[PDB]
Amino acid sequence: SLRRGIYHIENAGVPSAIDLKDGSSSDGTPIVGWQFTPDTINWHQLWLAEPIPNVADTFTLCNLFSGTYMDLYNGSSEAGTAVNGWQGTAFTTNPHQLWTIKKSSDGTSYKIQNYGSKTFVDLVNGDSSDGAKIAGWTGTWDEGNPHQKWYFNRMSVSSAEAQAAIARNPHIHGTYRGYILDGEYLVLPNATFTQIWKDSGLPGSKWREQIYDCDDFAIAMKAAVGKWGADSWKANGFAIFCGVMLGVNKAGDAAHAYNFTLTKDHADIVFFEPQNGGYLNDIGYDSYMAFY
């Protein structure tokens, strides 16, 4: 079963993503196929899948930027029916906004079925051009048709996944304790993480004994990423990944405070030095505490 999380949803036949046109929160905004850039934030193309209680393999899909929901227009089972963004809520009973999402016969991509109509999300004619219609269409679960097949490229981690990545790192102190603050996190490309750092003012901050020293830099970076998250996205129910760590050197006589992020494959952490914007696989300290 697809796990709760944020996804970039890519057609299996052509490299078009499911895109809420212009990110608009207006009701009836078309959802279309559009090209994308890997290892970026694709601002109009991220979707938060919320599982519905007690209803197997069925979800709402909330666009991260707009806060509005994937909606089959008037629930029609007619082939060609518009799929649009529309106001709703995460656990709605409106079948127009409920989607059963299960693996296709290729075992890798998924099909996306409206719970009311039993029709499928379809990139009409497999058209790869920017702005191509997506519609609800007749189909079957088992058929090959790539117009109706979608890769769910996972862009978030659960808190358990983040904890795993930390735990496999080789620079963790024997006394380490982690303090988990949220449940599901958008993982930033480093290019975005860096942009947040630049825009925070931290690049120009001077180190000062106690009054603006390593701990201040690290906390400020975290606060900046938290502020970015709220100011950037209208959906709720997720956080942005950015940790703080305290660590001690091998000799045991010096401590440091710094940040960390996750690799692209989500399997490992990478340390960030907020005093200079550097990413490091080894910062010279073993973490004894983290919060994220």
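Rigid core (definition): largest C-alpha set, two forms, superposition within 1.5 Å. Residue positions are given as counts along the sequence shown, with the first one as 1.
Two stretches, 176-184 and 214-222, are weighed by how far their CA atoms sit from the shown form in 4 other deposited structures of this protein after rigid core superposition; the farther one is 176-184. Comparing 164-172 with 146-154 in 4 other deposited structures of this protein, after superposition on the rigid core, the stretch with the greater RMS C-alpha deviation is 164-172. Of the two segments, 218-226 and 203-211, the one listed with the higher mean B-factor is 203-211 (C-alpha atoms only). As recorded in the PDB entry, 276-284 is the stretch of 276-284 and 14-22 with the greater mean C-alpha temperature factor. Of the candidates 85, 136, 126, 95, the deposited coordinates give 95 the top C-alpha B factor. Highest C-alpha temperature factor among 42, 68, 249, 35 per the entry: 249. In this PDB entry, the Cα temperature factor of residue 197 sits in the bottom third of its chain's modelled residues, the lowest group.
In the deposited entry, the Cα temperature factor of residue 267 places it in the highest third of its chain's modelled residues. Per the PDB record, residue ranking by Cα B-factor puts residue 64 in the lowest third of the chain. Ranked within its chain, residue 173 lands in the middle third, by CA B factor from the PDB record. Among the modelled residues of the chain, residue 80 sits in the lowest third by CA temperature factor in this PDB entry.
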